[PDB]
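**Q** My structure is below; once you've seen it, I'll send some questions.
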Amino acid sequence: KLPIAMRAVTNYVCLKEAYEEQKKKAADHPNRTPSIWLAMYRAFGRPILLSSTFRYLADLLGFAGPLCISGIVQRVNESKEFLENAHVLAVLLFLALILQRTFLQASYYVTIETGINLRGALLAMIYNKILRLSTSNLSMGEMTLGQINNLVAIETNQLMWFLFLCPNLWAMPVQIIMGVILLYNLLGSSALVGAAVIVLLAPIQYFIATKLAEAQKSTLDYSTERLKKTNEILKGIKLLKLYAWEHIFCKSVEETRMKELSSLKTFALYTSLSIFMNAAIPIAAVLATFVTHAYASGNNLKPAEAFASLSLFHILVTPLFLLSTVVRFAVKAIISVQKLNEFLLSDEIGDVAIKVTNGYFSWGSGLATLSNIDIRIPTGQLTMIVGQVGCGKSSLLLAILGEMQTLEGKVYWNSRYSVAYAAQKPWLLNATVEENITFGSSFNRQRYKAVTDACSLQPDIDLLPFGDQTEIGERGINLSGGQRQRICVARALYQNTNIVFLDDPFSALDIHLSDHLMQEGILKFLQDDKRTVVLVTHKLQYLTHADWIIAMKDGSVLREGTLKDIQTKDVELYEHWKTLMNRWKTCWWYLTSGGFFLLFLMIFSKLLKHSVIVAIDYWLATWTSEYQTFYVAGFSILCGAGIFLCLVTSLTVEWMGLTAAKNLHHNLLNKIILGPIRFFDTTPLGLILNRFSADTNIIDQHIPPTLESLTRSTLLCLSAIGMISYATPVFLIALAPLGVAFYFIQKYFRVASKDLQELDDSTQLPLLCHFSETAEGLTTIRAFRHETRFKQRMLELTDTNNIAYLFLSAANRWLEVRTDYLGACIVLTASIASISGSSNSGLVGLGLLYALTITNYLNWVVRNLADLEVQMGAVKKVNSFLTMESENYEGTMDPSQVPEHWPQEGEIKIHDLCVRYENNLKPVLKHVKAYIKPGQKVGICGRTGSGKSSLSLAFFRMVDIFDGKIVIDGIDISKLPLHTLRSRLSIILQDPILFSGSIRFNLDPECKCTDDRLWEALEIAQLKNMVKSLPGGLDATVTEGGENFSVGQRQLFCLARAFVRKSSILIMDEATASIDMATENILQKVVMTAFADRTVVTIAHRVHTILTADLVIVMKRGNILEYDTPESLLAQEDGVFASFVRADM
Ligand SMILES: CC(C)CCC[C@@H](C)[C@H]1CC[C@H]2[C@@H]3CC=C4C[C@@H](OC(=O)CCC(=O)O)CC[C@]4(C)[C@H]3CC[C@]12C
Ligand SMILES: Nc1ncnc2c1ncn2[C@@H]1O[C@H](COP(=O)(O)OP(=O)(O)OP(=O)(O)O)[C@@H](O)[C@H]1O
Ligand SMILES: Nc1ncnc2c1ncn2[C@@H]1O[C@H](COP(=O)(O)OP(=O)(O)O)[C@@H](O)[C@H]1O
Ligand SMILES: CC1(C)Oc2ccc(C#N)cc2[C@@H](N2CCCC2=O)[C@@H]1O
Ligand SMILES: [Mg+2]
Ligand SMILES: [Mg+2]
């Protein structure tokens, strides 16, 4: 499989020991952080020393070119002592070249091996950190799941790619210095003038690296923010599309994209300037050197010395080809490792089954949310926790589990035992249903059947494509909320632990499913195993079954004991409870996106640049062919034109890249956000967010540099071929076999590369997904204490990905070795042809040194072409989304007919409405006919899967209608533009989607509302006091996903978000699912007293709420059964509504 040295386990252990030694060294000092760079050096240095040794030997052998060219030229110009023989020197040059290529490839192999080992070790380190970091980092905005995913995907790979190129940073300097030292021998003091111009690259490149570092840090910041906004959009597309807020968030994302593109333009300008200097300081150095020699040494250059010096200049230029690449990658890797080091230095976690005494706990801030927690959980009994929204129940659970730092008090666990946690926000991995329910336990069909029948999952799973073996979660078929929650509770029940913490498992479930889970699942199945159970529920009707009762108010336990104990001590609380219960082509498109003028300007400028650059060498050959003002003047004008064209060609390609990136991302976003909701339901969010993050990163930052390096290399190779063939017209014949050979090796490479490439992208996706599903749901993994198994799985997956990437790199090295030997053969053939069949004593030299150039740059041509193919793949992925269906916003009703206040009355008539989600699917709604008067209170009830939500989303045309007319105030909604319909009606969904920013930003993203109405709304939604007490008032922050607030408070914010709009029709779809009964009653009273004029349709979670409603509808499999007042339906014998009321009460 993977050799032991290359396993992620050993590399991780080595890097971890190095980093722990660094942490010791840091503990030695105050304000001296541990450094990843020294840890990595100490751990993985010896391989890098080996590769550096190979590189130095390669450079020393590369200096054989100058000597051999000098000898060959001198001999063409004019035993065993025949080593001067031209052919002998040519053969020695060929052998030196093959040996240099062997050493270079050995160095590359060692470096890539080390880079892959280090990538594995770093991913292991940050994965263990994920398993260690406290959730208060994500809850308070310290960081986000997206940032951690960015670490795993972009930043670690950026460090790895830099480490591939690392030996250059110290090898390129040396190779340059040696060159100067040799030039000085041939040319005397004149060569010191060129040495100064070359030395100036060090200050210049350091300055440019400073500027690039600043620009890259800014780009990374704005990329983080833009991806945050994009992810929040994609996750909440339903709410945005329902509120007509799509374009507002699109505009904000575009603003952040503009800032990111300004930072990218600074980075491109300074990258384009570094390329200009690396190219034009050699032109200037050649000028200075040879002009000075012309006017200092009276003796002219003999051809041998001239060509030796020119070859030394070529050997200097080769280092500077890759200097821009290495400075770019080093500047990116420095930022990357700053981010990694910030991540790895963060906050980390610190009878009677559980006994908490005098416990003050806080959510990683400094102010206590729980105080005076004196509780005990009796062993093997049912403990129920009851409290209004935001009273510390989930806080209490995650405190016992130790997930929030303790300020005072103790918890005793008569080290922690494995506790089965069913979190309030259910978490599902990307495995099958069976894997999520078993969750790392031996399959037992008897227990599995018992659990599945206690959670009523059987009818729901047999409706799935592959019953019980269908992939679930992100990247798989998306289950409804109730299905996901019941799968999570099934997971909790199936495990063989003794303590089961269930945090409100009945939020999404209806009355029948909830009662079934309570009777068969908790009271019967768990009490048979005699397992401790802690329930956090608002279902007060279940308090009769409770064995122990904890009551929580305002963060502190108000009273604790059996029901009778509470009745005897706190008569008030018991009476309150009783009252409440009432008892390719893509490449051409990328090039053309410039506009047919940037492309042709680029290509013509590059060709002219190389024409002049090669004319410089031809001119030097002709000039030194003597053994003057005219030659100096011609040389100067050629060099100046070369510098100018270098500047132009540098700018053009980067500008092309900028424009292409901007247009690609803009089209992608403005087409994704206009798609139908069916597209987002069907397509996994991963397949879209990856386009937005990884493919966008490639398009922005990876394609322009690869393309420019490819063009430079290919034109250097073509220039060398042209010069050689001109010097020796016979070489063209020799170009027939070799060229053909090229075409073959590449061919073979492809049929493997492609294959391996697919593998390397199919084995990386699991790994990344793991880092996701552990970053999310971390508290669950640490509640079951399955951290060891997840570490093992991460090591396995990273080993697999490393095997795949190692084979990919091995194929690349195969092709590179083959092309290097082909280039050595090209050099040999050109050398022989020039020695034997060239006219002048100067053309032999040009042919030889340009053959050397061919060998030097053909390798880069091949490598960069392969990389550019793999990246045009990503451009193809991004372009694929411009063929989406676009929701029809146009509308047909003339805007003149639509009044200025269209829902002015709020009377809805639904005539023969039949709704389906996709064509050739079951009609969820069947010939429903409804008539709600203006200013009428309508309550719709039914069992899960009865089309309540379909009937709700019908008004906003998020479900495709087969037949039926929905007339709101005399207008068929089918004619209106989508926005005038979706903006003038307000709907409160069941899932509390919440965006990052202030409270204001979540209540009115347009900022078109005064603070007074925001306070009115937050008063109706019962959140006025909590916001008044919050640090920043209405400007208080809301971290991504609303994690810093309770679930109930998230829902109440979602209710205020609807109350602000103040439209005439309010569709409340199970809005009080997570709200407790105490808050829910007062909230309903206030909403009825405030919206008494408007028309509200309430799809109710409990029938008690819709008892005081003007009209009641009961749905059953898409059919309205009873249509009358609640009194009539109650008085009907054996009626459905009457049965609902008994169960709910
Ligand atoms: C000119 C000849 C003799 C050698 C060609 C390369 C070298 C000049 C070396 C010596 C100094 C090196 C540069 C000096 C330091 C930096 C900055 C470094 O990034 C940072 O320093 C962080 C940014 C910051 O300081 O805020 C990235 C590598 C780089 C460009 C180095 C790249 C390789 C350089 C140019
Ligand atoms: N992840 C979190 N990070 C920081 N503060 C939090 C977090 N969750 C809740 N809080 C704060 O803790 C207080 C208690 O909320 P908690 O999380 O215990 O809700 P809960 O009572 O379990 O929820 P509900 O009963 O509505 O389902 C709230 O004021 C909230 O501000
Ligand atoms: N996103 C969806 N795409 C296709 N069909 C769905 C989707 N959601 C629900 N359904 C189907 O429509 C029917 C009614 O679902 P729904 O309207 O969600 O019921 P409820 O009113 O209880 O929410 C169900 O039988 C279900 O199979
Ligand atoms: C004028 C010369 C000495 O200086 C430069 C400057 C920039 C670049 C580039 N890229 C290349 C070169 C030399 N060439 C031209 C073809 C191969 C090579 O090394 C030039 O012969
Ligand atoms: Mg809760
Ligand atoms: Mg529903």
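Please note that chains go A, B, ... in the order of the structure tokens, that every chain numbers its residues from 1, and that ligands are numbered from 1 in the order shown.
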Enumerate, in order of chain and increasing residue number, the residues of chain A with an atom no farther than 9 Å from ligand 5, each with its shortest atom pair and distance in Å to one decimal, counting only C-alpha atoms and all ligand atoms, as CSV.

**A**
```
residue,atom,partner,partner_atom_place_in_ligand_line,distance
A:389,CA,ligand 5,1 (Mg),7.8
A:390,CA,ligand 5,1 (Mg),7.8
A:391,CA,ligand 5,1 (Mg),8.7
A:392,CA,ligand 5,1 (Mg),7.8
A:393,CA,ligand 5,1 (Mg),5.9
A:394,CA,ligand 5,1 (Mg),4.5
A:395,CA,ligand 5,1 (Mg),7.7
A:423,CA,ligand 5,1 (Mg),8.3
A:424,CA,ligand 5,1 (Mg),5.8
A:425,CA,ligand 5,1 (Mg),8.7
A:503,CA,ligand 5,1 (Mg),6.0
A:504,CA,ligand 5,1 (Mg),6.5
A:536,CA,ligand 5,1 (Mg),6.9
A:537,CA,ligand 5,1 (Mg),8.1
A:1046,CA,ligand 5,1 (Mg),6.5
A:1047,CA,ligand 5,1 (Mg),6.1
A:1048,CA,ligand 5,1 (Mg),7.4
A:1074,CA,ligand 5,1 (Mg),8.3
```

**Q** Residues near residue 653 of chain A, anyone? I mean within 10 Å using only C-alpha atoms, not counting same-chain ones fewer than 6 positions away, as a PyMOL selection string.

**A** chain A and resi 268+272+591+594+598-599+601-603+606+704-705+707-709+711

**Q** Mind writing the picked residues with N, CA, C and O atoms as a tab-separated table (two decimals), in the first residue's frame?

**A**
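selection11.tsv, freshly written:
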```tsv
chain	number	residue	atom	x	y	z
A	268	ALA	N	-1.52	40.84	-9.07
A	268	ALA	CA	-1.16	40.61	-10.47
A	268	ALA	C	-0.19	41.66	-10.98
A	268	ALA	O	0.76	41.33	-11.70
A	272	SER	N	3.31	40.75	-12.31
A	272	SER	CA	3.71	41.15	-13.65
A	272	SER	C	4.99	41.98	-13.63
A	272	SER	O	5.74	41.99	-14.61
A	591	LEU	N	-9.50	32.02	-23.41
A	591	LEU	CA	-8.64	32.95	-24.13
A	591	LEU	C	-9.45	34.08	-24.77
A	591	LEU	O	-9.02	35.24	-24.77
A	594	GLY	N	-11.09	37.60	-23.16
A	594	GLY	CA	-10.43	38.90	-23.20
A	594	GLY	C	-11.09	39.86	-24.17
A	594	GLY	O	-11.18	41.06	-23.90
A	598	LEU	N	-7.12	41.42	-26.40
A	598	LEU	CA	-6.09	41.04	-25.43
A	598	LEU	C	-5.36	39.79	-25.89
A	598	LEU	O	-4.14	39.68	-25.72
A	599	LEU	N	-6.08	38.82	-26.47
A	599	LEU	CA	-5.44	37.59	-26.91
A	599	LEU	C	-4.42	37.86	-28.01
A	599	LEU	O	-3.26	37.43	-27.91
A	601	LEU	N	-3.10	40.76	-29.01
A	601	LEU	CA	-2.03	41.61	-28.50
A	601	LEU	C	-1.01	40.78	-27.73
A	601	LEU	O	0.20	40.91	-27.95
A	602	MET	N	-1.48	39.91	-26.84
A	602	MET	CA	-0.58	39.05	-26.08
A	602	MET	C	0.31	38.24	-27.00
A	602	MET	O	1.54	38.23	-26.85
A	603	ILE	N	-0.29	37.53	-27.96
A	603	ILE	CA	0.48	36.57	-28.74
A	603	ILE	C	1.46	37.29	-29.67
A	603	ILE	O	2.64	36.91	-29.77
A	606	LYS	N	4.33	38.69	-27.57
A	606	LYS	CA	5.26	37.65	-27.15
A	606	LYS	C	6.18	37.24	-28.30
A	606	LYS	O	7.40	37.10	-28.13
A	704	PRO	N	-3.67	32.01	-14.51
A	704	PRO	CA	-2.84	33.05	-15.16
A	704	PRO	C	-1.35	32.73	-15.07
A	704	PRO	O	-0.64	32.82	-16.07
A	705	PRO	N	-0.84	32.35	-13.88
A	705	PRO	CA	0.59	32.03	-13.80
A	705	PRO	C	0.99	30.82	-14.63
A	705	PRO	O	2.03	30.84	-15.30
A	707	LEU	N	-0.51	29.71	-17.34
A	707	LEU	CA	-0.58	30.07	-18.75
A	707	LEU	C	0.61	30.92	-19.17
A	707	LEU	O	1.19	30.70	-20.24
A	708	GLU	N	0.99	31.91	-18.35
A	708	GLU	CA	2.12	32.75	-18.73
A	708	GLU	C	3.42	31.96	-18.76
A	708	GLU	O	4.23	32.12	-19.68
A	709	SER	N	3.65	31.09	-17.77
A	709	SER	CA	4.86	30.27	-17.80
A	709	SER	C	4.85	29.34	-19.00
A	709	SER	O	5.90	29.12	-19.63
A	711	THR	N	3.42	29.87	-21.95
A	711	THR	CA	3.72	30.63	-23.16
A	711	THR	C	5.20	31.00	-23.23
A	711	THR	O	5.82	30.87	-24.29
```

**Q** Any residue with an atom at most 9 Å from ligand 3 counts, using only C-alpha atoms and all ligand atoms. Which are they? Put them as a VMD selection string.

**A** chain A and resid 463 478 to 480 510 677 to 678 681 to 682 916 to 918 921 to 925 941 to 953 959 1069 1099 1115 1117 to 1118

**Q** With N, CA, C and O atoms kept, could you save the residues just selected as a CSV table (one decimal), in the first residue's frame?

**A**
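Saved to out15.csv:
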```
chain,number,residue,atom,x,y,z
A,463,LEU,N,-39.5,4.1,1.3
A,463,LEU,CA,-39.8,5.1,0.2
A,463,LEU,C,-38.6,5.7,-0.4
A,463,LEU,O,-38.7,6.5,-1.4
A,478,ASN,N,-31.5,14.2,0.3
A,478,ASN,CA,-31.8,15.0,1.5
A,478,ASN,C,-33.1,14.6,2.1
A,478,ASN,O,-34.1,14.6,1.4
A,479,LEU,N,-33.0,14.1,3.3
A,479,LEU,CA,-34.2,13.8,4.1
A,479,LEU,C,-34.9,15.0,4.6
A,479,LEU,O,-34.4,16.1,4.8
A,480,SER,N,-36.2,14.8,4.8
A,480,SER,CA,-37.0,15.9,5.5
A,480,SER,C,-36.5,16.1,6.9
A,480,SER,O,-35.7,15.3,7.4
A,510,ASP,N,-44.6,15.1,14.4
A,510,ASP,CA,-46.0,15.4,14.7
A,510,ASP,C,-46.4,14.7,15.9
A,510,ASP,O,-45.7,14.1,16.7
A,677,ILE,N,-35.9,26.3,-7.2
A,677,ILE,CA,-35.6,25.7,-5.9
A,677,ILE,C,-35.4,24.2,-6.1
A,677,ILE,O,-34.7,23.6,-5.3
A,678,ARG,N,-36.1,23.6,-7.1
A,678,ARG,CA,-35.9,22.2,-7.3
A,678,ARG,C,-34.4,21.9,-7.6
A,678,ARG,O,-33.9,20.8,-7.2
A,681,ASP,N,-32.7,21.6,-4.2
A,681,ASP,CA,-33.2,20.4,-3.5
A,681,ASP,C,-32.4,19.2,-4.1
A,681,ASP,O,-32.0,18.3,-3.4
A,682,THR,N,-32.3,19.1,-5.4
A,682,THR,CA,-31.7,17.9,-6.1
A,682,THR,C,-30.2,17.9,-5.9
A,682,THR,O,-29.6,16.9,-5.5
A,916,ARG,N,-47.4,19.5,-7.8
A,916,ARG,CA,-46.3,18.5,-7.8
A,916,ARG,C,-45.0,19.2,-7.8
A,916,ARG,O,-44.9,20.4,-8.1
A,917,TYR,N,-44.0,18.5,-7.3
A,917,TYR,CA,-42.6,19.1,-7.3
A,917,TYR,C,-41.8,19.0,-8.5
A,917,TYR,O,-41.2,20.0,-9.0
A,918,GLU,N,-41.8,17.8,-9.1
A,918,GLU,CA,-41.2,17.6,-10.4
A,918,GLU,C,-42.2,16.8,-11.3
A,918,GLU,O,-43.1,16.2,-10.8
A,921,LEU,N,-44.1,13.0,-11.0
A,921,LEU,CA,-44.1,12.7,-9.6
A,921,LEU,C,-45.5,12.7,-9.1
A,921,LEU,O,-46.4,13.2,-9.8
A,922,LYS,N,-45.7,12.2,-7.9
A,922,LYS,CA,-47.0,12.1,-7.3
A,922,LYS,C,-47.6,13.5,-7.1
A,922,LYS,O,-46.9,14.4,-6.5
A,923,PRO,N,-48.8,13.8,-7.5
A,923,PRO,CA,-49.4,15.1,-7.1
A,923,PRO,C,-49.7,15.1,-5.6
A,923,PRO,O,-50.5,14.5,-5.1
A,924,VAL,N,-48.9,16.0,-4.9
A,924,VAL,CA,-49.0,16.0,-3.4
A,924,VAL,C,-50.3,16.7,-3.0
A,924,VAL,O,-50.9,16.2,-2.0
A,925,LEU,N,-50.8,17.7,-3.7
A,925,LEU,CA,-52.1,18.3,-3.5
A,925,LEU,C,-53.1,17.8,-4.6
A,925,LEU,O,-52.7,17.7,-5.8
A,941,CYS,N,-54.2,22.0,9.8
A,941,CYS,CA,-53.6,21.0,10.6
A,941,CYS,C,-53.6,19.7,9.8
A,941,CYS,O,-54.2,19.6,8.8
A,942,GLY,N,-52.9,18.7,10.3
A,942,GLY,CA,-52.8,17.4,9.7
A,942,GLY,C,-51.5,16.7,10.1
A,942,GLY,O,-50.7,17.2,10.9
A,943,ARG,N,-51.4,15.5,9.6
A,943,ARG,CA,-50.3,14.6,9.9
A,943,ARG,C,-49.1,14.9,8.9
A,943,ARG,O,-49.3,15.4,7.8
A,944,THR,N,-47.9,14.7,9.4
A,944,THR,CA,-46.7,14.9,8.5
A,944,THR,C,-46.9,14.1,7.2
A,944,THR,O,-47.3,12.9,7.2
A,945,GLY,N,-46.6,14.7,6.1
A,945,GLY,CA,-46.9,14.1,4.8
A,945,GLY,C,-48.3,14.3,4.3
A,945,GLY,O,-48.9,13.5,3.6
A,946,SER,N,-49.0,15.4,4.7
A,946,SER,CA,-50.3,15.7,4.3
A,946,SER,C,-50.5,17.0,3.4
A,946,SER,O,-51.6,17.4,3.1
A,947,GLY,N,-49.3,17.6,3.0
A,947,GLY,CA,-49.4,18.7,2.1
A,947,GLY,C,-49.7,20.0,2.6
A,947,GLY,O,-50.0,20.9,1.9
A,948,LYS,N,-49.5,20.2,3.9
A,948,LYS,CA,-49.7,21.5,4.5
A,948,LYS,C,-48.6,22.5,4.0
A,948,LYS,O,-48.9,23.6,3.5
A,949,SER,N,-47.3,22.1,4.0
A,949,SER,CA,-46.3,22.9,3.5
A,949,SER,C,-46.3,23.1,2.0
A,949,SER,O,-46.0,24.2,1.5
A,950,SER,N,-46.8,22.1,1.2
A,950,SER,CA,-47.0,22.3,-0.2
A,950,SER,C,-48.0,23.4,-0.4
A,950,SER,O,-47.9,24.3,-1.3
A,951,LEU,N,-49.2,23.3,0.3
A,951,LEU,CA,-50.2,24.3,0.1
A,951,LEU,C,-49.7,25.7,0.5
A,951,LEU,O,-50.1,26.7,-0.1
A,952,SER,N,-48.8,25.8,1.5
A,952,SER,CA,-48.2,27.1,1.8
A,952,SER,C,-47.3,27.6,0.7
A,952,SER,O,-47.5,28.7,0.3
A,953,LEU,N,-46.3,26.8,0.2
A,953,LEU,CA,-45.4,27.2,-0.8
A,953,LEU,C,-46.1,27.4,-2.1
A,953,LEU,O,-45.5,28.0,-3.1
A,959,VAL,N,-43.8,25.7,-5.8
A,959,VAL,CA,-44.2,24.3,-6.2
A,959,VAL,C,-44.9,24.5,-7.6
A,959,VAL,O,-45.7,25.4,-7.8
A,1069,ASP,N,-46.0,28.7,9.0
A,1069,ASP,CA,-45.9,27.2,8.9
A,1069,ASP,C,-45.1,26.6,10.0
A,1069,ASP,O,-43.9,26.7,10.1
A,1099,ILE,N,-50.4,27.0,9.7
A,1099,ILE,CA,-50.2,25.5,9.7
A,1099,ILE,C,-49.7,25.2,11.1
A,1099,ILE,O,-48.5,25.5,11.4
A,1115,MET,N,-55.9,18.5,6.6
A,1115,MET,CA,-55.4,17.9,5.4
A,1115,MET,C,-55.1,16.4,5.7
A,1115,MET,O,-54.7,16.1,6.8
A,1117,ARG,N,-53.2,13.5,3.2
A,1117,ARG,CA,-52.7,13.0,2.0
A,1117,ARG,C,-53.1,13.9,0.8
A,1117,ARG,O,-53.5,13.5,-0.3
A,1118,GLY,N,-53.1,15.2,1.0
A,1118,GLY,CA,-53.4,16.2,0.0
A,1118,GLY,C,-54.8,16.5,-0.2
A,1118,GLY,O,-55.2,17.3,-1.1
```

**Q** Report as a list in words which protein, DNA and RNA residues come within 7 Å of ligand 4, using only C-alpha atoms and all ligand atoms.

**A**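 The residues near ligand 4 are residues 279, 280, 282, 283, 286, 310, 313, 314, 317, 318, 321, 613, 614, 616, 617, 712, 716, 719, 720, 850 and 853 of chain A.
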
**Q** How many Å lie between atom CA of residue 1096 of chain A and atom CA of residue 485 of chain A, rounded to one decimal?

**A**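 For atom CA of residue 1096 of chain A relative to atom CA of residue 485 of chain A, the distance reads 28.5 Å.
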
**Q** Out of A:1060, A:509, A:18, A:849, which residue has the shortest atom-to-atom distance to ligand 6 when counting only C-alpha atoms and all ligand atoms?

**A** A:509

**Q** Could you give me, as an mmCIF file with C-alpha atoms, in the first residue's frame, the residues within 12 Å of residue 211 of chain A, counting only C-alpha atoms and dropping anything in the same chain fewer than 3 positions from it?

**A**
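Just written: part06.cif:
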```cif
data_model
loop_
_atom_site.group_PDB
_atom_site.id
_atom_site.type_symbol
_atom_site.label_atom_id
_atom_site.label_comp_id
_atom_site.auth_asym_id
_atom_site.auth_seq_id
_atom_site.Cartn_x
_atom_site.Cartn_y
_atom_site.Cartn_z
ATOM 1 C CA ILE A 204 13.785 44.329 -6.079
ATOM 2 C CA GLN A 205 12.388 40.842 -5.543
ATOM 3 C CA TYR A 206 12.332 41.312 -1.768
ATOM 4 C CA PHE A 207 10.345 44.547 -2.175
ATOM 5 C CA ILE A 208 7.936 42.915 -4.616
ATOM 6 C CA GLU A 214 0.237 42.391 1.788
ATOM 7 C CA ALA A 215 -1.938 41.900 -1.305
ATOM 8 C CA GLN A 216 -2.288 38.154 -0.704
ATOM 9 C CA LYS A 217 -3.308 38.675 2.923
ATOM 10 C CA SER A 218 -6.000 41.131 1.818
ATOM 11 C CA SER A 263 -6.538 42.876 -4.083
ATOM 12 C CA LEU A 264 -5.998 40.348 -6.878
ATOM 13 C CA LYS A 265 -5.184 43.171 -9.297
ATOM 14 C CA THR A 266 -2.504 44.469 -6.929
ATOM 15 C CA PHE A 267 -1.085 40.947 -6.665
ATOM 16 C CA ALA A 268 -1.161 40.606 -10.467
ATOM 17 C CA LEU A 269 0.503 43.979 -11.064
ATOM 18 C CA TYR A 270 3.380 43.104 -8.754
ATOM 19 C CA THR A 271 3.621 39.584 -10.192
ATOM 20 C CA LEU A 273 6.467 43.466 -12.409
ATOM 21 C CA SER A 274 8.546 40.606 -10.994
ATOM 22 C CA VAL A 327 8.405 34.159 -4.760
ATOM 23 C CA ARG A 328 4.674 33.942 -5.523
ATOM 24 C CA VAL A 331 4.452 34.586 -0.261
ATOM 25 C CA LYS A 332 1.282 32.486 -0.481
#
```

**Q** Any idea what's packed within 6 Å of segment 840-842 of chain A, counting only C-alpha atoms, ignoring anything in its chain fewer than 3 positions away? Could you give it as number ranges by chain?

**A** A: 77, 621, 845

**Q** Please, what distance in Å, to one decimal, runs between atom CA of residue 788 of chain A and atom CA of residue 440 of chain A?

**A**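 Distance reported for this atom pair: 11.3 Å.
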
**Q** Could you check how far atom CA of residue 713 of chain A sits from atom CA of residue 62 of chain A, in Å to one decimal?

**A**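 Taking atom CA of residue 713 of chain A and atom CA of residue 62 of chain A, their separation equals 18.7 Å.
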
**Q** Hey, which of A:14, A:940, A:661, A:1141 ends up closest to ligand 6? Count only C-alpha atoms and all ligand atoms.

**A**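 Looking at the shortest contact to ligand 6, the residue is A:940.
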
**Q** Report the residues of segment 797-1007 of chain A whose backbone DSSP state falls under strand (DSSP E), written as a VMD selection string.

**A** chain A and resid 908 to 916 925 to 932 937 to 942 960 to 968 971 to 972 986 to 988 997 to 998

**Q** Using only C-alpha atoms, which residues sit within 8 Å of residue 151 of chain A once same-chain residues fewer than 3 positions away are excluded, as a ChimeraX atom specification?

**A** /A:147-148,154-156,336,339-340

**Q** Pick out the residues sitting within 8 Å of residue 725 of chain A, and hand them over as a list in words; count only C-alpha atoms, and ignore anything fewer than 6 positions along from it in its own chain.

**A** residues 731, 732 and 847 of chain A

**Q** Could you tell me which of A:108, A:361, A:295, A:494 comes closest to ligand 2 if we count only C-alpha atoms and all ligand atoms?

**A**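 Among the listed residues, the smallest separation from ligand 2 belongs to A:361.
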
**Q** From a DSSP pass on the backbone, collect the residues of segment 573-708 of chain A flagged as alpha helix (DSSP H) and hand them back as number ranges by chain.

**A** A: 573-581, 585-592, 598-624, 629-672, 677-682, 685-690, 696-697, 703-708

**Q** Counting only C-alpha atoms and all ligand atoms, what are the residues, protein, DNA or RNA alike, that approach ligand 1 to within 7 Å? I want them as number ranges by chain.

**A** A: 169, 172-173, 176-177, 198-203, 205-206, 209-210, 213-214, 323, 327, 330-331, 334

**Q** Have a look at A:346, A:24, A:626, A:641 and name the one nearest to residue 299 of chain A; count only C-alpha atoms.

**A** A:626

**Q** Restricting the calculation to only C-alpha atoms, which member of A:388, A:1039, A:157, A:936 is positioned closest to residue 1097 of chain A?

**A**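 Smallest separation from residue 1097 of chain A among the options: A:936.
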
**Q** Using only C-alpha atoms, which of the listed residues (A:117, A:780, A:819, A:325) sits closest to residue 275 of chain A?

**A**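 Among A:117, A:780, A:819, A:325, it is A:325 that comes nearest to residue 275 of chain A.
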